[PDB]
Structure formats: C-alpha cells, structure tokens
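Chain letters run A, B, ... following the sequence lines, proteins first, then strands; residues in each count from 1. Reckoned from all heavy atoms, side chains included, excluding hydrogens, waters and symmetry mates.
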Amino acid sequence: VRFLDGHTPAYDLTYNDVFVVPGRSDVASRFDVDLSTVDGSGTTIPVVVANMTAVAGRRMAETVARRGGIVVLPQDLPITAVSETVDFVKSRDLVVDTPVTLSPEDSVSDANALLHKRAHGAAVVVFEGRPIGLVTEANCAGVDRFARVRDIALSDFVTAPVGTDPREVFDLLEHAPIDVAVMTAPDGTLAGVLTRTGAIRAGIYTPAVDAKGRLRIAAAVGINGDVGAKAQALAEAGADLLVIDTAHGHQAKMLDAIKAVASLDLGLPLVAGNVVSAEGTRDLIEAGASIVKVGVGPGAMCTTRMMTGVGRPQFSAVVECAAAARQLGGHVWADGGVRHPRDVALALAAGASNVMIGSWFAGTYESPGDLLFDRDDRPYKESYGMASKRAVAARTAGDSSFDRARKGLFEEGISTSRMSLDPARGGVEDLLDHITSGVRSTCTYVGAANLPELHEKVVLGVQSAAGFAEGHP
Amino acid sequence: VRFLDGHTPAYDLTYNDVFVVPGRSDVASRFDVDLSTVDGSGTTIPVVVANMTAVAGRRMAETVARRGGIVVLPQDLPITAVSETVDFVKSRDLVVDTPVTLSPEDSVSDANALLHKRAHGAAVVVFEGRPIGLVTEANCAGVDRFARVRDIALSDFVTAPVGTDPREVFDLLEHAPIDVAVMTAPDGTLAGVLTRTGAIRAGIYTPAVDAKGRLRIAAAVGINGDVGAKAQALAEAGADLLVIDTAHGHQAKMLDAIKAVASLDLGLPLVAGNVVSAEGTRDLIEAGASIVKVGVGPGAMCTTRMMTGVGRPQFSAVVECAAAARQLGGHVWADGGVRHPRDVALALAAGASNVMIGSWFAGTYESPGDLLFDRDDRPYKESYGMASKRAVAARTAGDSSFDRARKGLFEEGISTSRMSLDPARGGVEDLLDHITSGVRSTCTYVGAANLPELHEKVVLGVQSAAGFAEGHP
Amino acid sequence: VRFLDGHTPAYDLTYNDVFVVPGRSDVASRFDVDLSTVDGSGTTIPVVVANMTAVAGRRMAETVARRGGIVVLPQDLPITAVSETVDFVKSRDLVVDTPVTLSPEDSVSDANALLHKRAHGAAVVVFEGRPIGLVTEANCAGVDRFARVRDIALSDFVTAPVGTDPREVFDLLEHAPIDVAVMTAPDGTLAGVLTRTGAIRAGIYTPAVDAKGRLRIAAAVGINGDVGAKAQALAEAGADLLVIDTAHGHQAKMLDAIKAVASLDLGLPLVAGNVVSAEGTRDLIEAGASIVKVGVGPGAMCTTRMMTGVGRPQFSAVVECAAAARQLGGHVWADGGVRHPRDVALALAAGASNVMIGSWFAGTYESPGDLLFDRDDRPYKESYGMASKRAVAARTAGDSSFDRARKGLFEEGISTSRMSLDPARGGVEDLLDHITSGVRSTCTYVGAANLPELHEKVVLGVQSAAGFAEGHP
Ligand SMILES: Nc1ncnc2c1ncn2[C@@H]1O[C@H](COP(=O)(O)OP(=O)(O)OP(=O)(O)O)[C@@H](O)[C@H]1O
Ligand SMILES: Nc1ncnc2c1ncn2[C@@H]1O[C@H](COP(=O)(O)OP(=O)(O)OP(=O)(O)O)[C@@H](O)[C@H]1O
Ligand SMILES: Nc1ncnc2c1ncn2[C@@H]1O[C@H](COP(=O)(O)OP(=O)(O)OP(=O)(O)O)[C@@H](O)[C@H]1O
Ligand SMILES: Nc1nc2c(ncn2[C@@H]2O[C@H](COP(=O)(O)O)[C@@H](O)[C@H]2O)c(=O)[nH]1
Ligand SMILES: Nc1nc2c(ncn2[C@@H]2O[C@H](COP(=O)(O)O)[C@@H](O)[C@H]2O)c(=O)[nH]1
Ligand SMILES: Nc1nc2c(ncn2[C@@H]2O[C@H](COP(=O)(O)O)[C@@H](O)[C@H]2O)c(=O)[nH]1
C-alpha cells in the first residue's frame, strides 16, 4: 500500500489511525464493483463469520452463505452436530429462506419468543407440513398470553410455488398487508418464505455454493488432540474449508498441526492462525497453509492485552502479514476488532482477502443466543469468547480430578459483552447491506472495480486523535 | 503556508491540530481589514452557505447575501421554485429586511409560531399591503390561543420611509419600546423593517450584489441526468454562480459534467467538488472549473468515514488543494466541518478563498426547518444531509419498481444532527458577526490587511490534544 | 338515588367518594341499553362537549355529533365564525368522515403536521377535487423533509361510492394495506373517508340530528352585553340549543339574561348555569331555563377553590340540583371534573340528563390546538380555561386605557394543563367508546335498560380513601 508523503509514524496503526484518500475513478455505480474473493474460500463478499459459539450457528450459517459469506463452525463441536449442521445448510434453498414454524396448538407466548429467531417479522403455522396461516408480532398483542396460535393466525397470505422468480414474488407482495410470501413445495408443503427485501437481496448477492450448488460452510479445529483425524472427519462431514485456530499461531505445535492436516491431501483450503508478524505468516504458509488468519489482541472478547501486554494494532498487522503472504502466493484473513463497515474496507485496503467478524454479528436475530432486553427496553444479545477452546492444552489422558482443577485455575475465563441490536434493522443481512454498501463505496472512491484493484490502487494516510472524529457518528 | 520550525508531523491535520502564531502587526483596527473575496464569487465576507435543504432557503438566501455572503440553492430544487427564490431574493432591499407578516384575522397561535422565522423580535400586521401594527412574543402571552391578532397588536410603532439613512432610523429607535422600525414605500405599503442592530450592520457589511445591484445567489446541480440543460436552466433563472456538486468529485462523470457546462458558455463562475487531493484539484480545473470545492469526510452530516474509511483531515486537504489550484490560477472553497470561527480563519490561512458553512447555520431562525425544543426547553433545529442528492446514479429510465428498490436498498440514508440555537443570539447574522469578528482578529494578530495577506503572512504550528484544550470554551 | 343503610356522611361527596352497588338485572348485553337523553338536547349518548376554545372546534363539533353527542360553541365566537362552523357541520355526511386533504405540491413536513388533525392515519391527496392517493406517516419517514407530497403518495387505495353499506366498506378494507376507504361522490370527486372502525361505529352510534337530518350543534352566550340579541343571532345562525353560561349562575344578572332570551320565544332548549344549589336550580328554571348546568369548582381549569374557597363536591351538587330540577320538570347537566368513564356514569346515576366534558377532550386529534410532544415524545395537547369569558363585566363604554388596566388587574388568568393523548387511540371517538362502554356496563350492573331507569334503580354507597384504591388503574 502507498501512504501519503511523510506519513511514517513511530507507532503501529489501528483501524482508527488511518484513512483512505480518494483517487481518480471511472467506476460509476456501487454495483459495478466485484466483491468476490480470490483466496479459494468461495465467498462472493469479503465477509467471514468467526468460529465462535455465540455467533456461528445453523441459522447464521444458512443466512450468511445465501448472501455470499461463509460461516466457520466453532472448534470442538461434536462431529454428529457438525454433520447435522452441514446437512441442514446444504439442504437450504439458494433464494427462499427458512421461516420460523409454529403449531396451531402452540401458545401465543411461545410464538412471541420464536418470532425473533429470524428477521422475517412473521412465522408460518403448519399442519401436516402445509402452511395454514401467518403469525405476526402484532397479532400476539392484546390477546391472552396462553391463547392458541390457531386463533390469532391470519388465514389470508401471499403464496407462490418455490422456483418463482424473485422479481415476480416481489411484485406479488407489493399490495400485501404482510411482507412475507409463503413458498410452496411441489406437493404443496412448506418450502420457505421470501420477503420483498429478501427478493431484492437475491438480485444483489451471489450465494456462496460448493460444486454441487449447495451453500458453503466451514469448520474449525484446535491444535490439541489428533488434529489430522479431526480435520479429516470435518472434511468427510462436508465442510468446504478448514480453519486451524489457536491463540498463539507462531508456535511449534501449530506448525505440526498444519503439516498433519496438509499431508492428508484433503483438497480444501487450509486457514491457520493467528499471527501478527511477517515471520509468523511465512512459517505458517511454508507449513502447508494457503490462508493465514491474522489478529492477536483486537478481539472484542479478547483480554490478551490487559492480561499479557501481548498484541498488535490490527491494521499494521494486516499490512505486514498480507504483504508477506502475497509474496508466497498465500492470503490473509483479518480477524478481530471489526465494529463498522470502514473496518472491513480498511482491512481489504490493507491487503486481506477476507475479513472475519465475530462479536458484531452476535447482536442479530440469527445468532444462536437468546434475544434479551436491557434496562432501557433496547434489544441486545451477549457475545462471549471461546476461552480455553483457543488455547493449547497438555494431554489430559490419565488426569486426576485434582489435575483437572489445577489446569483450570489459570485458564482464561469466558468474558461477556453486550451487543445491542439495531432497533430498526436487527437481522444479520441488514449488517451485510451495511458492510457491503460501505466497501462498494470505498472501491468507487479509490477507483477500483474489484478487491484486487482496491489493494493495488488505495492511497492511505495517518491522522491524529482529532482526525478520526471528523464527520458524523 | 509556513509552519514553525520542525513542525512536520507524520499525519494529516484537522482544524483542531493547528494554531496561528501572532506576527508583527501594524493593522490598527478590526475594521481596517478587508474581508472581500478574490475568487469571483462576489462575496464581501468569506462565507458561503452550503447547498443543503436544511439550511439553504429563501430567508437564509436574503439574509446572508445582504451581509456579504452567498447561499447556494440545493440541487434538484424544481426550476420553477428556483425562479421564485431568485426573484424573491433579487427584489429585496439592500438595507431593510423582510419581516414576518400577519393578517388581522390570523390566530394568536399562528402568530406565535411564525415569529421565529426571522430574528426581529416582532411581526408586522398588514392590511392591503400596509402596516397596521406590531405583534411581539410578549403580546401573545396569557391571551386565548385562538384570539385574533387584531386584539393583541400594538398600533403605536416607529415608522420611516424606505431609503431613510440607517443612522437616522437608529436614532429614531433609541427610546422606542419596540426595537423595530417599520419601513414604508411611497404609496404607504410595507417595504420592510430595520432594527438598531440591522442599522449598525449596514455600516459594517457590504451586500453581495450582481451587476444590477441585486443580492447575489447561487445554485447547485448534480452530475446525474442532463447537466448541461440543468446548468443552462439555472443560468436563465438568474443564478450568479453554479456549483457542480457530488460526493466523489474526482471521477470521470464529474469531469464530463464540467466540460458539458463549460462548453455552453453560460458566463458564470463554475464551482466543482468535492476533492481532497492535488491531482483532483488539477483535474477539475483542467475540465473548466474556476473554483474547486474541497471536503470529503468532514461534513457534520457525512458518514463516509465510518461507512467507507474514505476521507481526509480538512486542514491538510485545504492546504494541498489550495496550493494546487493557485499554481493553475484557481481558487478553493473549504467545504464541511466548520463549527467555530477559528475553523473559518484557519481555512483561509490554509489558502482557501471562501468557506462553505452548512449544519452550523441550521441552528438559526432563518433556516427552513421548524424551531424545536429539547428536554430542557432549549431551542434547536435539525440539520440533515443531502444523502443521495450528492451521489452518482445510473440512468433510471424504464426501471422496474424491483430495480428501483434494488438501487434504493444501498443508497445513503439521511442522517440527523441537532443544532442548538444561542438562547440569546439565534439569528444567522449573529453567527456572521461571531465568524467575521474572529477572522478580522486573526488578521490583526497575523498582521494582514486582507485575505490574501493572511495566507501569505500566516505562521502556523501543530499542537497535541492538550494544546487545543488551552483557553476557554 | 338510594344510599346503603347508614351511609349518611357528615360531608358532601365527589365522584371519588361514592360507588354503585350492583342490583338484580335482566339486561342481556351492553347494546340493549338505550343511551339517548330526554332533556331535549337531542343527543343519543349522554356526552356534551364544553364551550371551551381548547376543545369546541369545528372538527370536534362534526366528529362528536356524528356519534350522538353535541358540541357547544364557545361564547364570543364572532357570529360570522358561528355561521361558518354551523354550515360546515350541518353539511357533513352522517356516516362518512371528512379527511385531511393534501395537494401534490404540499411539503412532506406540512403533510405529517396536518395528518394529526384527524384520527384516520392517512390524508387524501386531491388534484382538482379528485382523490389521487393517500399519505401516511410511514410515507413521510426517511424522505427529505421538504420533498413534495407527490413523491411519497400511494396511488393504490380502496375506494367506494358514498352511500355504500358500511358492512360492505368494512369487508373491502379487510385485506387492504391501508385502513382508509376513499368515498366518492357520483361524479368521482372526494366525498370523504371511512375506516373499518368508522364503519363499525356507524352501527353502534346514532347520529344526533335536527329535524332536517343534519348534525346538531349548540352555541353558548355570556350574560354581558345584549344577551337577547346575541341569542337571537345564534338561533338564526342555526344553533339547535343555547347555553347561557357564567361562573356564578345564581345572580340577578343571569336571571335577567334568561328572561330576555326566553321572552324571544326562540323555540330552542335553553341551558343556563352554573349553580350548585337547589335554590339556584329552581330560580334558573323559574326564570325560563329548561336545563340547569351544574358545577362551581370542579372544572380542571377552575381555580375558584384556591382563590375563593367557593365550590361544591360535584356528586352531591348534582344529586341536590337534579332532584330540585325534577320537581319543576327540568333537567341538569353535570359540568366539570370528568376524568374517567366512571365520572360520566356517576353523574347520570346522580340524576343528570347529560354530562359536559372539557379538558379531557382537549387531549385528542380533533381538538383545535396543536399536537405537542414532551421530553419522552409522549403526545399531548394543552387545555386552557375560558377565564374572563365566563365572568360578569360592566359595560366598557367610555373605557380609558387606565380603566382597561384597572379592570384587568384582578382578571382571572388563563390556567393551563397538559392533557396527554392515549398513544394507541388518540381520537375523541375512542374516548366515546371508552365512556359509553362504561356507562352501558353501569346500566347492566344496575339492571337499567336506559338512562332514566339508571337514576331510578341505582343504589349507592360511600367509601373511604382506601375504598377508591381498590382495583386496577
Ligand atoms: N452437541 C453440541 N455440543 C456443543 N455445542 C453445541 C452442540 N450442538 C450445538 N451446539 C452449539 O449451540 C449453538 C446453537 O447453534 P445450532 O446450530 O445448534 O442452532 P441455531 O443456529 O441456534 O438454530 P436453532 O435455534 O434453530 O437451533 C451453537 O453455538 C452451536 O455450536
Ligand atoms: N418545490 C420544492 N420542491 C422541493 N423542495 C423545495 C421546494 N420548494 C422549496 N423547497 C425547499 O424547502 C426549503 C424551504 O424553501 P423556501 O424557499 O420556502 O425557504 P424559506 O426561507 O424556508 O421560506 P419561508 O419560511 O418563507 O417559507 C428549502 O430547503 C428548499 O430547498
Ligand atoms: N374569528 C375567531 N375569533 C376567535 N376565535 C375563533 C375565531 N374563529 C375560530 N376561533 C376559535 O378557534 C378554534 C378552532 O376553530 P375552528 O376549528 O373553526 O378552526 P379552523 O382553523 O377552521 O380549524 P382547523 O385547525 O381544523 O383548520 C376554536 O376554539 C374557535 O372558537
Ligand atoms: N483472546 C480471545 N480471543 C478470542 C476469544 N474468542 C474469540 N476470540 C478471537 O476474537 C475474534 C473475534 O473478534 P471480534 O469480531 O469479536 O472483534 C475471533 O475470531 C478470535 O480470533 C476468547 O475467548 N479469547
Ligand atoms: N457525505 C455526505 N456529505 C454531506 C451530506 N450533506 C451535506 N454534505 C457535505 O457536508 C457539507 C456541510 O458540512 P457542515 O457545514 O454541515 O459540517 C456540505 O456542503 C456537503 O459537502 C450527506 O448527506 N452526506
Ligand atoms: N373557574 C373556571 N371554570 C372554567 C374555566 N374554563 C372552563 N371552566 C368550567 O369548567 C368546565 C370544564 O371542566 P373540565 O371538563 O375541563 O374539568 C367548563 O364547562 C366550565 O364550566 C376557567 O377558566 N375558570
């Protein structure tokens, strides 16, 4: 990357320290920019969801993959749950979404709870697999909390067979009272739902699919235990990408795990991390990793800085590591500390092929945690860290229960953070709109038609603390 | 521009980052400074009101031009509404101001709401075009909300013929209970009003007038659609200056827009923006722009930094762009981020010929928005951005409503900020006093007698965060 | 009235002091109760809107009369304004309501301000008298404040010819996105609007109409000046009922005013007030009033108690005055202090034929005042008193500016109180539902099929401060 003349500070830079200078541009429209990645992940937008139990679930995996991202399932997820999750995602339709379903005998109180597991604003009542009506949050108000859903359900709703073009479904919903269109399978049973915004998004985002045309999903593994056997099972379970994840990636045990997995010739892209140095990036690639995950310190759930003083300002870390990886034909994932679209854009400008987002996506309907409301009625969800699941552990074979608590005494605890939902647009797809709208706008400011040109053409500069505060928050 | 020895930071500077070192001065008085601009705008003070619907209305256009500034009508204002505004502004008196007018049959409730559209402190009751009385906020207190204006109006007020010397009107109002002089035409109809402060300001500010002696006014146009026809239409409506405005000015579609307008030979100064680089300043001037508008990021309504990471600290943007425009015989407007008089002074010191002020002026009586009151009953008004009216858009001809919603999903939203009024001096002329009083003081401290001498003689320095904290807020 | 054995307190009673004891009832449902009054007012529900400028506007007069009440126009309204209000009200349809109308050239900012003049939730865009679309508050969000109505209007709306059965119009709106049906005259122009609730209300409420089938309206007159001439003009302007109104009704000047209006033999029912004594009730009836208005002290804008110590608890006042009026074949209106449906029910149980409501109805969309919002955006409007418009004043002939201020020094000021709108249901018709629903339930609890039977069969008891606190607020 190029920095403005004289911008060579005596410190490393975070996302807040830098800005992009616009260049001469012939890229007319935001939609002229190609946001697809070149690192082999298969993502059509530069967004990866972090391997965190607070974020990476079956609903998140489905929703983000349909919009071109990919979700890394958290490590130490039992292999039966992995295969169960993979089969669910890869059986999802590429356009039509999976709705919340209700029994006619479910209570209004139960319906109010389940409605916010998706962003559709309505749930479908099903009897013998067939949709019989729609349930909205409005129908649940002013009625007996334990009245049956059969009573308040709306019988009249827009329906269309699955496979109908999004533009047509969009037109059917124009004068509908409810913005949900129930999609019917060939035999008349429930296929899914498509909303007007969901139909628009189908003509904006390209789904991230495997060779069979099914949604992409990824899995992560720690460097403890038998890493080759675990990675092999994940591959056999259907994962399209593997992530070898640990807190300190520049470590002998991580180099072993990469070689053990690379030697199995699984044929999937191999991500490994995390490191913040060019030396660590090189060693991990030479061990057989095609993609290096970068980030030690910036994570929202990461207390490494205050515990150990170890860390690195993320933007500087991504610049040095992406340069090192590109010299060797590899790629870099910017992992941790992403709070705003500009963070994604700056990480791509810095040379990352993909940006990994964790805590930000906990504050969405589709994240696995329960929807909560703080003192001020504001909706939120809690993000929490993976703790010891990212740490190196000695062999617990033949471990006294004394030793179990001995090793547990020093191990990092699970910290918590409140992630509030946008009171208007609380779905993860709204944040993808947020993110990709910003990055597309960055490319038009830079003069780039795609992500490769963004990193090639970007001009960057450094600002003081008052510099970041320019504009509107 | 000269900086103190060794002040060569490794970053770009905002207005907060710099200060002016006083020089040796023989400039005797604040009033001996000449604030006229040399850029062909015609302003006699370096103040331009931004092309924003939240600020640039006809009341603002009249009031600012009479005091030497100029207002840029926002782009996409219908041409018929442009013509009414220009005709209203150019029919105003150069000394006497247009008051709020009331019918005798208006309700006290309506009168009370209309009083704050101006800063005179009284509205004039009119019958067949002639003044019959004055209405004040105090006359509206304690009366029935729907009593008629005729019952609370004062029939005793100071009156004088239009053209009376401001000095004499000032003396006629010395012992008047109401500080409003009602000015009449020879046939007795209302010509306007003049307060004691308005009489003082006539001897301080030079109106910005056209060749025919009528108040100056500008109009903005976006680079979408037919820019040439729109620009010509604005010229025929009577615009004294054209502003070709877009968020990213350094792109092909702007360069072609400037050329299409320049080749029509409309005979008006052409402004184009926004850019923040020397390369952009040169490319806009080469395409035919006479003035370059500078500012990407600093706008109080601008979310570009947080959305895209794109932007540049405004002070460094102006220094680099003013130098580039000067070598080509051009000029630079400093657009965005002005909150205090020092920002205007520093922008001029950096080499700008003129300073475009936006959201700050929304918090005035004369701005188009309604006067609001917060939880503490403080008066304020909402500023809001122009949003997609500054953005590039592909041709929308024959677009389906699906395609309309598609492009609409990613378009910039209208952000909102609250601009509080000074509970004492809430008129835009009070801000103009504030702004120009400080810019005149800056020149006396520097030793300059005019705006060019300010840029030539200024010595600047860089400070830390604590450096700005010195003094009083 | 009958009181429980031993309930003979040594004090007079407010509405909070008494409770109704259920009796044995054969009344099937609320709808079997006949709520029409027998005092000659013509109301079909026992609701009269007070003669107060904060409440009794033309929109209130139309809305309340269509639902069976009547509105008393405030005294001292110029006779020309009286005539226009009567003509407007008497030209309204008995079923279809008058909507808020907008031009396509109106601003969005003016649109959502005019929307709250009615409870429909939509305004009708009119082009040459023909309905071309609807504007909702949702359409005003997210667009430029000064955009035109043309840009946000919805061209799709349910329409039907005026005179269509309310049940049919109700069905046409079942699946409509907007709950407003645009009613058209045979030539296609806008006849009015009807909502699903508006159609329902047409089957519950009987419009209060004159002999020609036009909506009823009343007007008030003070006892100063030439009362006979004032009352004659109000009758010729079309008033269906006259209210002679003064703070202290038991005085010689009021008795003279009644005899002067009675001797004109205008043929209209004559209300006179206010008194709280049996002797006052008899003297006003014997002077020629057919209805005595009862209430000194309880009005929400009334500061009589704190200024003078004069006043009477309203329940005992009504009980004593209704009984005295009954012996002379007259009727009593309960004027002042109504805050809840219970107060209406208790006033009727006490023997009032009608209940006058003031400040409570100021907190509705249809009241004349502007809609306001407090610190928390909670909607409200201000109610204010009529003050000196209810007071005796000597002839102002030969009044020096000194004499005007002498009499104004002791004049009653205009008291103010904030009446909050119910955030769910802000129209006055929803309060009519609230009021008449409770009064109908009171009748079924007492076993009465109508208002006379309510007063004949009711059993009352007295409670302490803790007794009122029973139940839910
Ligand atoms: N057997 C398991 N052991 C440990 N963690 C599990 C197991 N099964 C699921 N999880 C975790 O529980 C969370 C819930 O995700 P999961 O995929 O089960 O569903 P989801 O996306 O929340 O959707 P739904 O609400 O429909 O179940 C995730 O963090 C997942 O990793
Ligand atoms: N026809 C129109 N279409 C869109 N915007 C308009 C139109 N007419 C005016 N505006 C906008 O409305 C705002 C106020 O315009 P106007 O000319 O009324 O100014 P003003 O000073 O507020 O005048 P006044 O207060 O006397 O009505 C400005 O933002 C202007 O751009
Ligand atoms: N000429 C007048 N003098 C004094 N008070 C008046 C006069 N005309 C109307 N009012 C008062 O103004 C209030 C509103 O009256 P009305 O509803 O007729 O006004 P409007 O302006 O036609 O209504 P809207 O706000 O619905 O347009 C009432 O309190 C009424 O008594
Ligand atoms: N130190 C630490 N880092 C964590 C933990 N859980 C996740 N992380 C890191 O933080 C990243 C997410 O960053 P975020 O998007 O929340 O800023 C993860 O991808 C991972 O690299 C944890 O418990 N401790
Ligand atoms: N990005 C962006 N810039 C805006 C918007 N509205 C106005 N601006 C810019 O900000 C300037 C005004 O800045 P202000 O004086 O309000 O800080 C305008 O002249 C224009 O250049 C908007 O919605 N978005
Ligand atoms: N003392 C007094 N009574 C008033 C005033 N305005 C209205 N009233 C009385 O109060 C009644 C309304 O009572 P409310 O329904 O507001 O409690 C009116 O009908 C009238 O009798 C005022 O300013 N002073």
Side-chain angles (χ1 to χ4, degrees), chain A residues 156 174-177, chain C residues 44 58-69 86-104 106 111 114-115 117-139 149-150 152-166 168-217 365-366 427-430 432-433:
Chain A
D156 299 84
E174 199 197 357
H175 309 319
Chain C
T44 75
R58 79 168 209 286
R59 282 178 288 124
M60 186 66 68
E62 163 189 22
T63 309
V64 168
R66 182 177 296 110
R67 301 313 176 197
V86 171
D87 294 342
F88 173 84
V89 165
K90 291 195 176 300
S91 76
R92 299 305 100 187
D93 191 72
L94 295 191
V95 171
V96 175
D97 201 3
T98 300
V100 174
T101 54
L102 296 174
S103 165
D106 283 324
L114 291 180
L115 269 172
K117 299 292 200 180
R118 303 279 179 160
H120 307 143
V124 184
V125 187
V126 159
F127 206 173
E128 304 184 5
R130 314 186 55 82
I132 62 177
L134 294 184
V135 177
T136 79
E137 203 191 8
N139 300 335
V149 152
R150 184 182 297 103
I152 54 150
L154 299 176
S155 54
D156 303 292
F157 54 93
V158 169
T159 179
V162 73
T164 305
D165 193 85
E168 155 79 324
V169 184
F170 176 85
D171 293 329
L172 263 50
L173 282 172
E174 185 168 347
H175 311 105
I178 310 290
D179 195 1
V180 189
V182 171
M183 311 301 297
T184 59
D187 65 341
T189 41
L190 176 54
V193 292
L194 189 59
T195 69
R196 277 164 64 82
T197 308
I200 292 295
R201 272 164 190 152
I204 296 177
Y205 297 96
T206 295
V209 292
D210 55 23
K212 291 179 178 177
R214 312 167 306 176
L215 293 183
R216 286 182 171 265
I217 192 172
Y365 294 119
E366 299 87 353
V428 70
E429 287 166 310
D430 304 291
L432 293 185
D433 298 350

S.K.: State which residues pass side chain to side chain contact (heavy atoms under 4.5 Å, CB included) with A:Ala176; sequence neighbours excluded, sorted by chain then number.
M.R.: A:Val158, A:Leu173
S.K.: What are the two closest heavy atoms between C:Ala111 and C:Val149, and how far apart are they?
M.R.: CB-CG2, 3.9 Å
S.K.: Find the distance between NE2 (C:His120) and CG (C:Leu115) and round it off to the nearest 0.5 Å.
M.R.: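 Going from the NE2 atom of C:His120 to the CG atom of C:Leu115 covers 11.0 Å.
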S.K.: Kindly say whether C:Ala185 contributes a backbone atom to a donor-acceptor pair with the side chain of C:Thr189 at under 3.5 angstrom?
M.R.: no
S.K.: Once salt bridge (charged side-chain N to carboxylate O under 4.0 Å, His left out) is applied, what residue pairs with a partner in residues 124-138 of chain C remain, sequence neighbours excluded?
M.R.: none
S.K.: Does a side-chain heavy-atom distance below 4.5 Å link C:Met183 with C:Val95?
M.R.: no
S.K.: Rounded to the nearest 0.5 Å, how far apart are OG1 of C:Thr197 and CD1 of C:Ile204?
M.R.: 9.5 Å
S.K.: Under the side chain to side chain contact (heavy atoms under 4.5 Å, CB included) test, which residues partner C:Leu190, sequence neighbours left out?
M.R.: C:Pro99, C:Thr101, C:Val124, C:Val126, C:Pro131, C:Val182
S.K.: If you compare all heavy atoms of C:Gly427 against all heavy atoms of C:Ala119, which two are closest, and at what distance to 0.1 Å?
M.R.: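 Scanning both residues completely, I find the closest heavy atoms to be CA-CB, 4.0 Å.
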S.K.: Rounded to the nearest 0.5 Å, how far apart are CZ of C:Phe88 and OG1 of C:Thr98?
M.R.: 4.5 Å
S.K.: How long is the gap from CG on C:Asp179 to CG on C:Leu134, to the nearest 0.5 Å?
M.R.: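 If we round to the nearest 0.5 Å, C:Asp179:CG and C:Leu134:CG are 11.0 Å apart.
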S.K.: Shortest non-hydrogen contact from C:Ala122 to C:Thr136?
M.R.: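 Closest approach of C:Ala122 to C:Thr136, heavy atoms only: CB-CG2, 4.3 Å.
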S.K.: Which residues pass the side chain to side chain contact (heavy atoms under 4.5 Å, CB included) test with C:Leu154, sequence neighbours left out?
M.R.: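 For C:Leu154, the residues satisfying side chain to side chain contact (heavy atoms under 4.5 Å, CB included) (neighbours in sequence not counted) are C:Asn139, C:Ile178.
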S.K.: How close do C:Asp97 and C:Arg66 get, heavy atom to heavy atom, and via which atoms?
M.R.: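 Nearest pair, atom of C:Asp97 first, then C:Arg66: OD1-NH1, 3.0 Å.
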S.K.: Closest approach of C:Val96 and C:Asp93, non-hydrogen atoms and distance?
M.R.: N-OD2, 2.8 Å
S.K.: Mind checking the CG-OG1 spacing from C:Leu194 to C:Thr159? Nearest 0.5 Å is all I need.
M.R.: 11.5 Å
S.K.: Can any side-chain N or O of C:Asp171 pair as donor or acceptor with the backbone N or O of C:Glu168 at less than 3.5 Å?
M.R.: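 Side chain of C:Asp171 to backbone of C:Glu168, a donor-acceptor pair under 3.5 Å: no, none is there.
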S.K.: Holding to side chain to side chain contact (heavy atoms under 4.5 Å, CB included), I want the full list of residues that pass it with C:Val428, two or more places apart in sequence or in another chain.
M.R.: C:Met60, C:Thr63, C:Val64, C:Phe361, C:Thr364, C:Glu366
S.K.: Mind jotting down which residue pairs meet the salt bridge (charged side-chain N to carboxylate O under 4.0 Å, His left out) criterion with at least one end in residues 198-207 of chain C? Sequence neighbours excluded, please.
M.R.: C:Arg201-C:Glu429, C:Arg201-C:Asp430, C:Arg201-C:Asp433
S.K.: Looking at every non-hydrogen atom in both residues, tell me the closest pair between C:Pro104 and C:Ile132 and how far apart they are.
M.R.: CG-CD1, 3.8 Å
S.K.: State the CD-CG distance between A:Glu174 and C:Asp156, to the nearest 0.5 angstrom.
M.R.: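 The CG atom of C:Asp156 is 6.0 Å from CD of A:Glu174, to the nearest 0.5 Å.
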S.K.: Identify whether NZ of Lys or CZ of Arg in C:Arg196 sits under 6.0 Å from the centre of the six-membered ring of C:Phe170 and within 45° of that ring's axis.
M.R.: yes
